[PDB]
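Data block below; observations after.
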C-alpha cells in the first residue's frame with residue numbers, strides 16, 4: 002500500500018486507470034461541446050438607495066409587462082429527437098431554426114397537469130407550413146391567420162429550412178414570469194451608487210438583448226408613471242370635485258400646476274447603456290468541467306482500485322506462508338498452455354520450476370521413513386494433479402522408476418488425461434476384485450507407472466482404511482524408487498488424513514490467488530490432529546509478474 | 045465487528061436489512077404520495093420602517109375583516125373515511141369536491157368542548173341535497189335557504205358529484221383568525237425597503253390567492269381610513285364650523301381638504317396581487333424520501349449491531365482453542381428416523397464425523413482403555429446425534445462397537461434405534477437383569493447398543509454401584525470401542541461418575557447455543573472430579589462458517 006506499491010499497482014493497472022479516466026474525460030468533453038451555449042447580456046441603470054429597486058425590477062408587474070410586450074409565453078424550440086440533437090446540429094455548423102409568432106391562441110386545453118398545450122410546426126417551405134396538434138395537421142401560410150378548431154395562429158417570417166419540427170408551448174403567464182425571473186439578476190456594486198447592473202442570461206443571443214431592453218424600458222416608463230400617478234390621483238379627484246367660485250379658480254390654479262407636471266415628470270432612473278450581449282458564452286463553462294472530468298475519473302479510479310486491493314484475500318507471495326512457519330518448497334509459475342507439459346514443452350517456465358522442486362524434494366526426501374510422497378491440494382482447482390503429474394514426469398526422465406497413484410477416489414481424472422484402461426483402477430483393487438498387477442499402467446509420455454482410481458466407489462474413506470492399501474504401498478515402495486499419491490483436500494473429506502499415515506513426505510498445493518492462508522493453516526492443523534506432519538506447501542499458479550523465474554537461453 | 049465482518053454479516057443478513065429499509069422507504073413513498081399538497085401564494089407590498097406593518101397586518105383587526113368578508117369561519121371538507129382517502133382520491137385523478145355556502149347559521153350548540161357544531165352535507169344531485177346534523181336529514185336545494193330547527197343554511201353552486209359527504213364546521217371567529225394567522229407570514233427582504241413579501245400557504249390553490257388579495261385590500265382600505273381620516277377630521281370640523289373674506293379663505297381650505305382627503309394615496313401599494321405557485325411546497329418530495337432511506341439505513345445498522353451484541357454462544361473453534369480446548373471436529377448442520385450415517389452416507393455432516401473418527405483413532409491410542417465418554421455441554425447439544433453417528437461410522441469400518449446410553453434421566457436412544465425397552469441399563473445396575481439380555485443390535489449402524497431402560501428413581505446412586513465397572517471391564521474385552529452417553533455435568537453429576545472409568549472424554553457444544561463459559565465451567569468441574577476432558581466437539585456449525593463442502 003506504500004507509495005512504491007501504489008505506483009507499481011498503478012502501472013500494472015495502467016490500462017484500467019487510463020481507460021476510466023479517459024472515458025470520463027470523453028463524457029466531459031462531449032458534454033462541454035454539446036451543452037447549449039448560454040450568453041449573458043448586461044445593462045447599466047443609474048439612480049440617485051437602490052435597495053427597493055433591486056426588488057421592484059424583479060416584481061411581477063415589470064416582468065409581466067415585458068412578457069405581454071414580447072409574447073414570451075409563446076415558446077418556440079427546434080425539434081431534435083435525441084437529447085443531444087441540438088448540440089450536434091450546432092457542432093455541424095447548421096444555422097439554428099427560428100420563427101416569429103406574433104399571435105398565438107391554442108385550443109386552450111389548459112388541464113390541471115398539462116396546462117401547457119404542446120403543438121408541433123412542420124415547415125413545408127419558406128411560405129406555407131403545417132401544424133399537427135394531436136395528428137390533425139392544419140396546413141397554413143404566413144400572413145393569413147389560421148383559425149380552426151379553436152386554434153388561432155398568426156405565424157410569420159418562418160425560417161428557411163423546411164421539413165423541420167417546431168414545438169410550440171403556450172405556457173402560463175406565471176410560468177413565463179418565473180423562468181425569466183430565474184434568469185434575471187440585479188446588483189449595485191457601489192452599495193449606495195445609483196448604478197445597477199442588470200444581467201440577463203439565455204441561449205438565443207439576439208433575443209436576450211431585446212428582452213433586457215424591454216425590461217429597462219418598462220422600468221423607465223413605470224417610474225415616469227408613478228411619480229406622475231401621485232399627482233394623477235390628485236388630478237382625478239380635482240376633476241371629480243369641480244363644481245366657492247373663487248375657490249374654484251384656486252382649484253384651477255392647482256389643476257394647471259398638476260397637469261403639466263405629469264407630462265414633465267421624467268427622472269430618477271437612467272439607462273446609461275442599453276443591453277448588449279457578450280459574444281462569449283458564460284455557460285457551459287469549458288475548461289472547468291473537463292478538469293472536473295479528469296479529477297472525477299482520477300478519484301473514482303483510485304477509490305475503485307483501493308477497493309479491489311482490499312477485496313482479494315488469497316495468497317500473494319510465499320513470504321505470507323513462511324510467516325506462519327510453512328516451508329514453501331516451490332513457486333510454480335502459471336504456464337500459458339492433453340499430454341503432459343513436462344513432455345509437450347519441456348523447456349517451459351512452469352517445468353523449470355518443477356525441476357527446481359524436484360531437486361529441493363530430492364534433498365528433503367532423504368531421511369524420510371519411506372519413499373512415498375503424498376501431495377494434497379488445498380482445495381479443488383489448486384492444480385494438485387498438474388503438479389504431481391509433471392513432477393512424476395520430470396523425475397521419470399531422470400532415470401528413477403516412479404509410480405503415480407491417483408488416490409482421489411471421489412473425482413479423480415488422471416486416467417482421463419494419461420490415456421487409460423478404466424477397468425481395474427485403484428478402487429477395484431481395494432474391493433479385492435483386482436490384483437496388484439492389473440491396476441498399474443504405463444504412461445508412454447512421461448515414462449512413469451500410473452494407477453488410476455477406477456470406478457467411483459460408494460464408500461471411499463471406508464475403502465482407504467482397508468489393509469490392502471498398505472500392502473500395495475509396501476510392495477510398491479520395494480519395487481519403485483518414488484511413489485506419488487494424489488489425495489482429495491483435507492478441508493472436504495478425510496481421505497488425505499487416512500493416506501497420510503503411510504506417507505513419508507506430505508505437501509500441500511496452494512493456488513496462488515484462490516486459496517487463502519486460512520485454508521492452508523487449517524489444513525495443516527487438521528493434518529497434525531490426525532497424526533500427519535505436513536512437510537510444506539507448493540505454491541502454484543503464481544502469476545509471471547510475481548514469479549522470479551524467467552526464460553534463460 | 046470489523047469492516048470485513050460488517051459487510052459479511054450485512055450480506056448474510058441482506059434479506060433483513062433490505063426488507064426493513066425497503067418497508068420504511070415504502071412508508072415514505074406512501075406518505076409523500078398521500079400527504080395532502082399545500083400550495084403557497086405570494087404578494088408584494090411596498091411602503092416608503094415596515095416594522096410596525098409586519099405586526100399590523102397580522103393583527104386581528106385586519107385578518108378578522110377578511111374572515112367576515114369571505115365567510116372563512118365556514119369550513120368545508122370533502123369527507124373521506126380513511127386517513128388517506130383524500131390523497132388516493134387525488135391520485136385517481138378525481139376532481140376534488142367543493143361547494144359554496146354564502147350563509148351558514150348552525151343551531152349554535154357551541155358547547156365548552158364541542159364549540160364547533162359539525163354537520164355533514166349529503167349531495168343528492170346538482171340542485172338538491174340533504175344535511176344530517178345528528179341523524180335528522182333535512183333535504184334542501186340551492187337557492188332556497190333551509191331554516192329549520194334553528195339551522196339557517198344557504199348553500200349554492202353545489203358541486204357535481206352526488207352522494208358525497210361534506211363536513212361543515214362553523215368554527216369560532218377567533219379560531220378562524222388563528223388558523224389564517226398561523227398560515228400567514230410576512231417579511232421585508234430589505235430591512236428598510238417598503239417591500240413586504242406577504243405569503244399565505246393553503247391547500248385550495250384558488251382560495252388562498254383570494255384570501256391574500258382580500259388581506260391586501262383590507263390593509264389598503266385601512267391605510268386610507270387612517271390618513272383620509274386625518275384629513276376628514278379636519279374637513280369635518282371645517283364643515284361643522286362654517287358660519288366673508290375669512291369665509292372665502294375657509295372655503296379655499298375646504299376644497300384643499302376635500303382633495304387631500306379624497307385623494308388619500310396610501311403609503312402602501314399592492315405591487316402585484318397574490319398569485320399561487322402551481323408547484324406545491326409541502327409535502328417536500330425527495331426530501332423525506334431520502335430521509336426515509338437514511339432512517340431505514342440507520343435503524344438497520346443500530347438493530348444489526350444490537351443483534352451482534354445479543355448472541356453470546358461459540359462462534360468458531362478458535363474461541364474454544366483460545367481457552368486451551370482441543371476442538372476435535374466441527375460437525376455442520378445437516379438438512380435432514382434411521383441414522384444419518386446409514387440414511388444419507390454422503391452427507392456433509394457425516395463426512396465431518398468420519399473426519400472426527402480419524403482424529404479420535406489417532407488421539408485415542410495410548411488411552412488406558414477403549415472406552416469413550418461423550419457428554420454434551422447441555423441438553424440440545426446434539427450429543428446423541430454425534431455419538432450414534434460416530435458409532436455407525438466406526439462400525440462400517442469393521443470394529444465391534446458397543447454404544448451404552450448412560451443418560452439414565454431422559455435418554456431416548458431406544459426411541460431412535462428400535463428397541464426392546466425392557467432390560468435396559470438401569471435394569472442391569474439394579475441387578476434384575478444380566479449383562480447379556482440388555483445388549484441389542486441396531487440393524488442399521490451395525491453396532492451393539494445398550495438402552496438406558498426404565499428411568500430409575502436414583503440415577504447417580506445407581507451409577508456408583510460396582511456392577512457398572514464390571515460391565516465396562518467385560519465389554520472393553522468383548523468390544524473394540526465403547527461409547528457412553530452421559531448427561532451434562534452442569535445439570536447432574538452422572539457424567540463425572542462414569543468418567544472415572546473412561547479413557548477418553550469429549551464435550552459436545554452446539555454451535556451458537558452453548559457459550560464458552562459453559563464449556564470452561566464444565567471442564568473445571570470435570571477436573572475437580574478427577575476426570576480429564578480430552579477436548580471438545582463443536583457441533584451444529586452453520587454452513588456459512590464451516591469449511592466443509594460437497595466434493596464429488
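Residue numbers (my numbering), protein chains in the order written: chain X, 2 to 554; chain D, 45 to 596. Cβ atoms here follow ideal geometry from the backbone N, Cα and C, with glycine treated the same way.
Sequence-distant residues of its chain with Cβ nearer than 8 Å to residue i (five each side left out)
i, result
"residue 503 (chain X)", "371, 373, 470, 471, 474"
Spatial neighbours of residue i in its chain, beta-carbon cut-off 6 Å, leaving aside the 5 residues before and after
i, result
"residue 425 (chain X)", "435, 439, 440"
"residue 453 (chain D)", "503, 531"
"residue 151 (chain X)", "108"
"residue 404 (chain X)", "450, 477, 481, 484"
Contact check, residue i vs residue j, beta carbons under 8 Å
i, j, result
"residue 540 (chain X)", "residue 511 (chain X)", "yes"
"residue 127 (chain X)", "residue 100 (chain X)", "no"
"residue 221 (chain D)", "residue 107 (chain D)", "yes"
"residue 529 (chain D)", "residue 462 (chain D)", "no"
"residue 137 (chain X)", "residue 122 (chain X)", "no"
"residue 239 (chain X)", "residue 303 (chain D)", "yes"
"residue 177 (chain D)", "residue 163 (chain D)", "yes"
"residue 542 (chain X)", "residue 384 (chain X)", "yes"
"residue 29 (chain X)", "residue 291 (chain X)", "yes"
"residue 524 (chain D)", "residue 578 (chain D)", "no"
"residue 433 (chain D)", "residue 397 (chain D)", "yes"
"residue 532 (chain X)", "residue 406 (chain D)", "yes"
Bounding residues of the beta strand (DSSP E) (the contiguous stretch that carries residue i)
i, result
"residue 118 (chain D)", "118-122"
"residue 148 (chain X)", "147-149"
"residue 202 (chain X)", "197-203"
"residue 147 (chain D)", "144-149"
"residue 492 (chain D)", "492-494"
"residue 280 (chain X)", "271-284"
"residue 373 (chain D)", "370-376"
Beta-carbon proximity list for residue i, same chain, < 7 Å, skipping 5 on both sides
i, result
"residue 395 (chain D)", "592"
"residue 102 (chain D)", "225, 228, 230"
Host alpha helix (DSSP H) of residue i (start-end)
i, result
"residue 84 (chain D)", "Counting along the chain, residue 84 (chain D) falls outside any alpha helix (DSSP H), though it belongs to the beta strand (DSSP E) covering 83-90."
"residue 55 (chain X)", "54-57"
"residue 87 (chain X)", "86-92"
"residue 206 (chain X)", "206-242"
"residue 347 (chain D)", "333-352"
Rounded Cβ spacing between residue i and residue j (contact assumed at less than 8 Å)
i, j, result
"residue 171 (chain X)", "residue 107 (chain X)", "5 Å"
"residue 397 (chain X)", "residue 500 (chain X)", "So it is not a contact: roughly 22 Å between Cβ atoms."
"residue 314 (chain D)", "residue 133 (chain D)", "Contact flag wrong, Cβ pair sits at about 36 Å."
"residue 515 (chain X)", "residue 315 (chain X)", "6 Å"
"residue 130 (chain D)", "residue 80 (chain D)", "6 Å"
"residue 457 (chain X)", "residue 427 (chain X)", "Rounded, the Cβ-Cβ distance is 11 Å, inconsistent with contact."
"residue 1 (chain X)", "residue 341 (chain X)", "Nothing about residue 1 (chain X) can be read from this structure; chain X reaches only from 2 to 554."
"residue 83 (chain D)", "residue 327 (chain D)", "In fact, because the Cβ distance is near 12 Å, the residues do not count as touching under 8 Å."
"residue 431 (chain D)", "residue 335 (chain D)", "Not confirmed; about 56 Å, so no contact."
Per-residue contacts from residue i into chain X (C-beta, under 8 Å)
i, result
"residue 406 (chain D)", "530, 531, 532"
"residue 595 (chain D)", "381, 411, 412, 489, 490, 493, 494"
"residue 236 (chain D)", "52"
Contacts of residue i in chain D (Cβ-Cβ under 7 Å)
i, result
"residue 463 (chain X)", "440, 441"
"residue 62 (chain X)", "315, 316"
Contacts of residue i in chain D (Cβ-Cβ under 9 Å)
i, result
"residue 36 (chain X)", "By Cβ distance, chain D contributes nothing, its closest Cβ being about 24 Å from residue 36 (chain X), past 9 Å."
"residue 305 (chain X)", "Within chain D, no residue comes near residue 305 (chain X); the closest Cβ sits about 16 Å away, beyond 9 Å."
Chain-ordered chain X contacts of residue i [CB-CB under 9 Å]
i, result
"residue 403 (chain D)", "495, 498, 527, 530, 531, 532"
"residue 309 (chain D)", "230, 231, 234, 235"
Chain X residues whose Cβ lies nearer than 7 Å to that of residue i
i, result
"residue 100 (chain D)", "Under the 7 Å cutoff, chain X gives no residues; its nearest Cβ is about 20 Å from residue 100 (chain D)."
"residue 399 (chain D)", "495"
"residue 319 (chain D)", "175"
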